[PDB]
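Pasting upload.txt here (compact mmCIF, N, CA and C atoms):
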# COMPACT_ATOMS: atom_id res chain seq x y z
N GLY A 1 15.99 -18.20 -16.03
CA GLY A 1 16.09 -16.99 -15.19
C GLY A 1 17.54 -16.67 -14.89
N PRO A 2 17.85 -16.07 -13.72
CA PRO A 2 19.21 -15.88 -13.21
C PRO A 2 19.76 -17.14 -12.51
N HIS A 3 20.99 -17.06 -11.98
CA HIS A 3 21.65 -18.12 -11.19
C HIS A 3 21.70 -19.50 -11.86
N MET A 4 21.74 -19.55 -13.18
CA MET A 4 21.68 -20.80 -13.94
C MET A 4 22.89 -21.72 -13.68
N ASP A 5 24.01 -21.17 -13.20
CA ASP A 5 25.21 -21.90 -12.79
C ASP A 5 24.96 -22.77 -11.54
N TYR A 6 24.10 -22.29 -10.64
CA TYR A 6 23.81 -22.92 -9.35
C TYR A 6 23.14 -24.29 -9.54
N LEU A 7 22.18 -24.39 -10.46
CA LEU A 7 21.60 -25.68 -10.87
C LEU A 7 22.48 -26.42 -11.89
N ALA A 8 23.28 -25.73 -12.71
CA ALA A 8 24.15 -26.39 -13.70
C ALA A 8 25.25 -27.27 -13.06
N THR A 9 25.66 -26.99 -11.83
CA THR A 9 26.52 -27.89 -11.04
C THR A 9 25.72 -28.93 -10.24
N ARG A 10 24.56 -28.56 -9.68
CA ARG A 10 23.74 -29.45 -8.83
C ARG A 10 23.04 -30.56 -9.61
N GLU A 11 22.44 -30.26 -10.76
CA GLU A 11 21.90 -31.28 -11.69
C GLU A 11 23.01 -32.23 -12.17
N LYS A 12 24.24 -31.72 -12.38
CA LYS A 12 25.42 -32.55 -12.69
C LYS A 12 25.78 -33.48 -11.53
N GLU A 13 25.68 -33.02 -10.28
CA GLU A 13 25.91 -33.88 -9.11
C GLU A 13 24.88 -35.03 -9.03
N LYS A 14 23.63 -34.80 -9.45
CA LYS A 14 22.60 -35.86 -9.59
C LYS A 14 22.95 -36.85 -10.71
N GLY A 15 23.53 -36.34 -11.81
CA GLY A 15 24.11 -37.15 -12.88
C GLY A 15 25.26 -38.04 -12.40
N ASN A 16 26.15 -37.51 -11.56
CA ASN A 16 27.25 -38.28 -10.97
C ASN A 16 26.76 -39.32 -9.94
N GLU A 17 25.67 -39.06 -9.21
CA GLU A 17 24.99 -40.08 -8.38
C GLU A 17 24.47 -41.26 -9.23
N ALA A 18 23.95 -40.97 -10.43
CA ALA A 18 23.44 -41.99 -11.34
C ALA A 18 24.57 -42.77 -12.03
N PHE A 19 25.62 -42.05 -12.44
CA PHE A 19 26.81 -42.59 -13.13
C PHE A 19 27.58 -43.59 -12.26
N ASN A 20 27.77 -43.30 -10.96
CA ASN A 20 28.45 -44.25 -10.07
C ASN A 20 27.53 -45.43 -9.68
N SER A 21 26.21 -45.23 -9.70
CA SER A 21 25.20 -46.26 -9.41
C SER A 21 24.94 -47.24 -10.57
N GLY A 22 25.24 -46.85 -11.81
CA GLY A 22 25.06 -47.67 -13.01
C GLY A 22 23.82 -47.31 -13.85
N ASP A 23 23.27 -46.11 -13.67
CA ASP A 23 22.22 -45.53 -14.51
C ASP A 23 22.81 -44.40 -15.38
N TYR A 24 23.51 -44.76 -16.46
CA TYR A 24 24.17 -43.82 -17.35
C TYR A 24 23.13 -43.07 -18.19
N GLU A 25 22.05 -43.73 -18.62
CA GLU A 25 20.94 -43.05 -19.33
C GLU A 25 20.28 -41.95 -18.49
N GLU A 26 20.11 -42.17 -17.19
CA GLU A 26 19.70 -41.12 -16.24
C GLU A 26 20.81 -40.06 -16.08
N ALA A 27 22.09 -40.44 -16.06
CA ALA A 27 23.19 -39.47 -16.03
C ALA A 27 23.18 -38.53 -17.27
N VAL A 28 22.88 -39.02 -18.48
CA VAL A 28 22.90 -38.20 -19.71
C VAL A 28 21.88 -37.07 -19.62
N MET A 29 20.63 -37.38 -19.30
CA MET A 29 19.58 -36.36 -19.18
C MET A 29 19.92 -35.34 -18.08
N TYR A 30 20.46 -35.78 -16.94
CA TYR A 30 20.91 -34.88 -15.86
C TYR A 30 22.00 -33.90 -16.35
N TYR A 31 22.97 -34.36 -17.15
CA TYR A 31 23.98 -33.48 -17.75
C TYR A 31 23.36 -32.56 -18.83
N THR A 32 22.34 -33.03 -19.55
CA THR A 32 21.64 -32.25 -20.59
C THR A 32 20.85 -31.07 -20.00
N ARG A 33 20.21 -31.26 -18.83
CA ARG A 33 19.60 -30.15 -18.06
C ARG A 33 20.64 -29.11 -17.63
N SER A 34 21.80 -29.61 -17.21
CA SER A 34 22.93 -28.80 -16.76
C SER A 34 23.46 -27.87 -17.86
N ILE A 35 23.70 -28.40 -19.07
CA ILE A 35 24.23 -27.63 -20.21
C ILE A 35 23.23 -26.58 -20.71
N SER A 36 21.92 -26.86 -20.63
CA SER A 36 20.87 -25.89 -20.97
C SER A 36 20.69 -24.78 -19.93
N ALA A 37 21.28 -24.91 -18.73
CA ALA A 37 21.37 -23.82 -17.75
C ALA A 37 22.67 -23.02 -17.90
N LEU A 38 23.83 -23.69 -17.89
CA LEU A 38 25.14 -23.06 -18.06
C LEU A 38 26.10 -24.08 -18.72
N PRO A 39 26.40 -23.96 -20.03
CA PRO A 39 27.23 -24.92 -20.73
C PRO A 39 28.70 -24.85 -20.27
N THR A 40 29.26 -26.02 -19.97
CA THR A 40 30.63 -26.23 -19.48
C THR A 40 31.36 -27.32 -20.25
N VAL A 41 32.69 -27.20 -20.29
CA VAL A 41 33.58 -28.34 -20.59
C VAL A 41 33.19 -29.54 -19.73
N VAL A 42 32.97 -29.35 -18.42
CA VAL A 42 32.68 -30.47 -17.50
C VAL A 42 31.42 -31.24 -17.91
N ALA A 43 30.30 -30.56 -18.16
CA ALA A 43 29.04 -31.22 -18.48
C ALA A 43 29.03 -31.82 -19.90
N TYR A 44 29.64 -31.17 -20.90
CA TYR A 44 29.76 -31.74 -22.25
C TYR A 44 30.63 -33.00 -22.26
N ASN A 45 31.79 -32.95 -21.60
CA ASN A 45 32.75 -34.06 -21.57
C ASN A 45 32.20 -35.27 -20.80
N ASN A 46 31.42 -35.02 -19.74
CA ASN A 46 30.72 -36.08 -18.99
C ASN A 46 29.49 -36.63 -19.73
N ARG A 47 28.74 -35.81 -20.47
CA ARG A 47 27.65 -36.27 -21.36
C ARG A 47 28.18 -37.20 -22.45
N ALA A 48 29.27 -36.82 -23.11
CA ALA A 48 29.95 -37.68 -24.08
C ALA A 48 30.46 -38.99 -23.44
N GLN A 49 31.05 -38.94 -22.24
CA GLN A 49 31.52 -40.14 -21.53
C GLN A 49 30.38 -41.11 -21.18
N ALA A 50 29.19 -40.61 -20.83
CA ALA A 50 28.04 -41.47 -20.57
C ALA A 50 27.52 -42.14 -21.86
N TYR A 51 27.47 -41.40 -22.98
CA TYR A 51 27.04 -41.91 -24.28
C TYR A 51 27.92 -43.06 -24.81
N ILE A 52 29.20 -43.11 -24.42
CA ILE A 52 30.13 -44.18 -24.81
C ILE A 52 29.64 -45.55 -24.30
N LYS A 53 29.09 -45.60 -23.08
CA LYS A 53 28.53 -46.85 -22.49
C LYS A 53 27.13 -47.19 -23.01
N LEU A 54 26.45 -46.22 -23.61
CA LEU A 54 25.16 -46.39 -24.30
C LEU A 54 25.31 -46.75 -25.79
N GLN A 55 26.54 -46.83 -26.30
CA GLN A 55 26.86 -47.07 -27.72
C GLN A 55 26.31 -45.97 -28.66
N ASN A 56 26.19 -44.75 -28.13
CA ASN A 56 25.64 -43.56 -28.80
C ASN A 56 26.78 -42.68 -29.35
N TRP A 57 27.66 -43.28 -30.15
CA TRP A 57 28.92 -42.69 -30.61
C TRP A 57 28.70 -41.40 -31.41
N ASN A 58 27.67 -41.38 -32.26
CA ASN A 58 27.34 -40.23 -33.09
C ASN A 58 26.67 -39.09 -32.31
N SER A 59 26.08 -39.34 -31.13
CA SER A 59 25.71 -38.30 -30.17
C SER A 59 26.93 -37.85 -29.37
N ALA A 60 27.83 -38.77 -29.00
CA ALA A 60 28.99 -38.48 -28.15
C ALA A 60 29.99 -37.54 -28.82
N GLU A 61 30.23 -37.72 -30.13
CA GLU A 61 31.10 -36.80 -30.88
C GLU A 61 30.57 -35.36 -30.85
N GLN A 62 29.24 -35.14 -30.91
CA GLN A 62 28.68 -33.79 -31.02
C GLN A 62 28.95 -32.97 -29.75
N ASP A 63 28.92 -33.60 -28.57
CA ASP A 63 29.29 -32.94 -27.31
C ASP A 63 30.82 -32.80 -27.16
N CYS A 64 31.62 -33.75 -27.66
CA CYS A 64 33.08 -33.60 -27.71
C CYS A 64 33.51 -32.39 -28.56
N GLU A 65 32.84 -32.13 -29.68
CA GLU A 65 33.15 -30.99 -30.56
C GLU A 65 32.95 -29.66 -29.84
N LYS A 66 31.88 -29.55 -29.04
CA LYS A 66 31.64 -28.40 -28.15
C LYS A 66 32.74 -28.19 -27.12
N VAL A 67 33.34 -29.25 -26.56
CA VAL A 67 34.49 -29.13 -25.65
C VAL A 67 35.69 -28.49 -26.35
N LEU A 68 36.01 -28.89 -27.58
CA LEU A 68 37.15 -28.34 -28.33
C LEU A 68 36.98 -26.85 -28.70
N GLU A 69 35.76 -26.31 -28.68
CA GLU A 69 35.49 -24.87 -28.84
C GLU A 69 35.77 -24.05 -27.56
N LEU A 70 35.81 -24.70 -26.39
CA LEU A 70 36.11 -24.08 -25.09
C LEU A 70 37.56 -24.36 -24.63
N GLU A 71 38.03 -25.59 -24.83
CA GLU A 71 39.40 -26.06 -24.56
C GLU A 71 39.97 -26.77 -25.80
N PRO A 72 40.44 -26.00 -26.81
CA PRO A 72 41.13 -26.55 -27.97
C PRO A 72 42.42 -27.25 -27.53
N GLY A 73 42.35 -28.57 -27.46
CA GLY A 73 43.41 -29.48 -27.04
C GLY A 73 43.05 -30.44 -25.89
N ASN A 74 41.82 -30.38 -25.35
CA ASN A 74 41.33 -31.15 -24.22
C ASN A 74 41.51 -32.66 -24.45
N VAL A 75 42.40 -33.25 -23.66
CA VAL A 75 42.80 -34.65 -23.80
C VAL A 75 41.62 -35.60 -23.59
N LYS A 76 40.75 -35.34 -22.60
CA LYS A 76 39.54 -36.14 -22.36
C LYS A 76 38.61 -36.12 -23.58
N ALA A 77 38.39 -34.96 -24.19
CA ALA A 77 37.52 -34.85 -25.35
C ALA A 77 38.10 -35.55 -26.58
N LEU A 78 39.41 -35.41 -26.83
CA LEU A 78 40.09 -36.09 -27.94
C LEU A 78 40.12 -37.61 -27.76
N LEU A 79 40.34 -38.10 -26.53
CA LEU A 79 40.24 -39.53 -26.18
C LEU A 79 38.84 -40.09 -26.49
N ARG A 80 37.79 -39.32 -26.17
CA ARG A 80 36.38 -39.72 -26.31
C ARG A 80 35.87 -39.57 -27.74
N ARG A 81 36.28 -38.52 -28.47
CA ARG A 81 36.02 -38.32 -29.90
C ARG A 81 36.70 -39.41 -30.74
N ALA A 82 37.97 -39.71 -30.48
CA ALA A 82 38.68 -40.83 -31.11
C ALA A 82 38.02 -42.19 -30.81
N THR A 83 37.59 -42.44 -29.56
CA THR A 83 36.84 -43.65 -29.20
C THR A 83 35.52 -43.75 -29.98
N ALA A 84 34.75 -42.66 -30.08
CA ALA A 84 33.50 -42.66 -30.83
C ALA A 84 33.73 -42.95 -32.33
N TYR A 85 34.79 -42.38 -32.90
CA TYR A 85 35.21 -42.60 -34.28
C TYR A 85 35.58 -44.06 -34.55
N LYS A 86 36.34 -44.69 -33.65
CA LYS A 86 36.75 -46.09 -33.73
C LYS A 86 35.53 -47.01 -33.91
N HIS A 87 34.43 -46.75 -33.20
CA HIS A 87 33.18 -47.52 -33.27
C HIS A 87 32.20 -47.07 -34.38
N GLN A 88 32.42 -45.89 -34.97
CA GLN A 88 31.71 -45.39 -36.15
C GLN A 88 32.41 -45.70 -37.48
N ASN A 89 33.55 -46.40 -37.45
CA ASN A 89 34.46 -46.56 -38.58
C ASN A 89 34.95 -45.23 -39.19
N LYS A 90 35.16 -44.21 -38.35
CA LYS A 90 35.77 -42.91 -38.69
C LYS A 90 37.25 -42.83 -38.26
N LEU A 91 37.93 -43.97 -38.25
CA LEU A 91 39.30 -44.19 -37.77
C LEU A 91 40.32 -43.23 -38.42
N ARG A 92 40.07 -42.84 -39.67
CA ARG A 92 40.86 -41.88 -40.46
C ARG A 92 41.04 -40.53 -39.75
N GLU A 93 40.03 -40.11 -38.99
CA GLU A 93 40.09 -38.94 -38.10
C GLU A 93 40.62 -39.29 -36.69
N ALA A 94 40.37 -40.51 -36.19
CA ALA A 94 40.82 -40.93 -34.86
C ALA A 94 42.35 -41.01 -34.71
N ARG A 95 43.07 -41.48 -35.74
CA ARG A 95 44.55 -41.56 -35.73
C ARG A 95 45.16 -40.20 -35.42
N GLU A 96 44.66 -39.17 -36.10
CA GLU A 96 45.03 -37.78 -35.89
C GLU A 96 44.73 -37.32 -34.46
N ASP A 97 43.53 -37.61 -33.92
CA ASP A 97 43.12 -37.14 -32.59
C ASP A 97 43.97 -37.75 -31.46
N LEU A 98 44.31 -39.04 -31.56
CA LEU A 98 45.17 -39.73 -30.58
C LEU A 98 46.59 -39.14 -30.58
N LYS A 99 47.11 -38.77 -31.75
CA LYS A 99 48.37 -38.00 -31.86
C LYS A 99 48.28 -36.61 -31.19
N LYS A 100 47.11 -35.95 -31.18
CA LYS A 100 46.90 -34.64 -30.51
C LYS A 100 46.84 -34.74 -28.99
N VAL A 101 46.52 -35.93 -28.49
CA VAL A 101 46.67 -36.32 -27.08
C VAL A 101 48.15 -36.56 -26.75
N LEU A 102 48.82 -37.44 -27.50
CA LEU A 102 50.14 -37.98 -27.14
C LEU A 102 51.26 -36.95 -27.25
N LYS A 103 51.07 -35.86 -28.00
CA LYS A 103 52.02 -34.74 -28.07
C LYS A 103 52.11 -33.94 -26.76
N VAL A 104 51.01 -33.95 -25.99
CA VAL A 104 50.86 -33.27 -24.69
C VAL A 104 51.00 -34.24 -23.51
N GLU A 105 50.44 -35.44 -23.65
CA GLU A 105 50.39 -36.47 -22.61
C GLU A 105 50.84 -37.83 -23.16
N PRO A 106 52.15 -38.04 -23.39
CA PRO A 106 52.70 -39.30 -23.93
C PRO A 106 52.52 -40.50 -22.99
N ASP A 107 52.09 -40.26 -21.75
CA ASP A 107 51.76 -41.27 -20.74
C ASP A 107 50.36 -41.90 -20.93
N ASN A 108 49.44 -41.28 -21.67
CA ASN A 108 48.08 -41.78 -21.86
C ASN A 108 48.02 -43.17 -22.52
N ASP A 109 47.82 -44.21 -21.69
CA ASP A 109 47.57 -45.59 -22.11
C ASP A 109 46.39 -45.68 -23.07
N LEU A 110 45.28 -45.00 -22.75
CA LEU A 110 44.05 -45.03 -23.56
C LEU A 110 44.28 -44.45 -24.96
N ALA A 111 45.20 -43.49 -25.07
CA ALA A 111 45.62 -42.93 -26.35
C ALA A 111 46.48 -43.92 -27.15
N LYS A 112 47.62 -44.37 -26.61
CA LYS A 112 48.57 -45.23 -27.36
C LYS A 112 48.05 -46.64 -27.62
N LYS A 113 47.32 -47.24 -26.66
CA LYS A 113 46.75 -48.59 -26.82
C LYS A 113 45.61 -48.61 -27.83
N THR A 114 44.87 -47.51 -27.98
CA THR A 114 43.85 -47.36 -29.04
C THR A 114 44.50 -47.05 -30.39
N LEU A 115 45.57 -46.25 -30.43
CA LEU A 115 46.31 -45.94 -31.66
C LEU A 115 46.82 -47.20 -32.37
N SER A 116 47.37 -48.15 -31.62
CA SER A 116 47.86 -49.43 -32.18
C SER A 116 46.74 -50.26 -32.83
N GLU A 117 45.50 -50.12 -32.37
CA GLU A 117 44.31 -50.73 -32.97
C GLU A 117 43.78 -49.92 -34.17
N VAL A 118 43.91 -48.59 -34.14
CA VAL A 118 43.53 -47.69 -35.25
C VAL A 118 44.47 -47.86 -36.44
N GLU A 119 45.79 -47.85 -36.23
CA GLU A 119 46.77 -47.98 -37.33
C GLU A 119 46.60 -49.29 -38.11
N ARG A 120 46.29 -50.39 -37.41
CA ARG A 120 46.03 -51.68 -38.08
C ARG A 120 44.65 -51.70 -38.73
N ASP A 121 43.63 -51.11 -38.11
CA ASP A 121 42.28 -51.09 -38.65
C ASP A 121 42.21 -50.25 -39.93
N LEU A 122 43.00 -49.17 -40.05
CA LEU A 122 43.17 -48.41 -41.30
C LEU A 122 43.78 -49.24 -42.43
N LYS A 123 44.78 -50.06 -42.12
CA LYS A 123 45.43 -51.00 -43.06
C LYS A 123 44.50 -52.16 -43.47
N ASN A 124 43.56 -52.54 -42.59
CA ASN A 124 42.46 -53.47 -42.90
C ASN A 124 41.29 -52.82 -43.68
N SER A 125 41.04 -51.52 -43.49
CA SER A 125 39.91 -50.75 -44.08
C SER A 125 40.14 -50.36 -45.55
N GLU A 126 40.32 -51.34 -46.43
CA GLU A 126 40.59 -51.14 -47.87
C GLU A 126 39.37 -51.24 -48.80
Please rewrite the model in this file as structure tokens.
Amino acid sequence: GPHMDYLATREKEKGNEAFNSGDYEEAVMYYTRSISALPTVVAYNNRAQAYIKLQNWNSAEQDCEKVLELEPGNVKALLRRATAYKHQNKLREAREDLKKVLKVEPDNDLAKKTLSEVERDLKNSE
């Protein structure tokens, strides 16, 4: 119906109640209701972040790709897409994504500390 934004933030707040409590699988479905009412960078990026703790890397990339269509350059989405790639053995794409973070935010520990593991894992991936 109308006012789909009003529940798209409130269902996300129920997801954040579950996420801080340690029910990430309950957080994913709460964010999925949210995106089907009003799709946001916030709900896609948080859905992908919950999937990382569920080991659902190939689901997590699909919501990260949607973030890059709204915010082309989003550091959180590139950090999470590169993390999903690292665990999918898609490191060949992750090296590039961590560089797209570090050009804007050279302070990102999660970017540079993962890059040092990606560069060696590529040299091992023969």
* To do: Would you kindly return, as a ChimeraX atom specification, each protein, DNA or RNA residue with an atom no farther than 8 Å from any atom of region 10-19 of chain A, considering only N, CA and C atoms and excluding same-chain residues fewer than 5 positions away?
  => /A:5,24-35,43,50
Per-residue nearest contacts region 42-61 of chain A to region 84-101 of chain A, cut-off 12 Å, using only C-alpha atoms, as a Markdown table:
| residue | atom | partner | partner_atom | distance |
| --- | --- | --- | --- | --- |
| A:48 | CA | A:84 | CA | 9.1 |
| A:49 | CA | A:84 | CA | 9.8 |
| A:50 | CA | A:84 | CA | 11.7 |
| A:51 | CA | A:84 | CA | 9.2 |
| A:52 | CA | A:84 | CA | 7.1 |
| A:53 | CA | A:84 | CA | 10.6 |
| A:54 | CA | A:84 | CA | 11.2 |
| A:55 | CA | A:87 | CA | 8.4 |
| A:56 | CA | A:84 | CA | 8.2 |
| A:57 | CA | A:84 | CA | 4.6 |
| A:58 | CA | A:84 | CA | 7.0 |
| A:59 | CA | A:84 | CA | 9.0 |
| A:60 | CA | A:84 | CA | 6.7 |
| A:61 | CA | A:84 | CA | 6.3 |
* Asked: Which residues come within 8 Å of region 63-68 of chain A, counting only N, CA and C atoms, excluding same-chain residues fewer than 3 positions away, as a list in words?
  ->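 With the cut-off at 8 Å, the set is residues 40, 41, 42, 43, 44, 45, 46, 47, 48, 49, 58, 59, 60, 71, 72, 73, 74, 76, 77, 78, 80 and 81 of chain A.
Going from CA of residue 120 (chain A) to CA of residue 108 (chain A) covers 19.1 Å.
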* Asked: Separation of CA of residue 23 (chain A) and CA of residue 37 (chain A), in Å?
  -> 22.0 Å
* Asked: Do you have the CA of residue 119 (chain A)-atom C of residue 104 (chain A) distance handy?
  ->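 Between CA of residue 119 (chain A) and atom C of residue 104 (chain A) the gap works out to 19.9 Å.
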* Looking only at the backbone, which of the residues in chain A does DSSP tag as helix (DSSP H, G or I), as a PyMOL selection string? -> chain A and resi 4-21+24-37+41-53+57-70+75-88+91-102+109-124
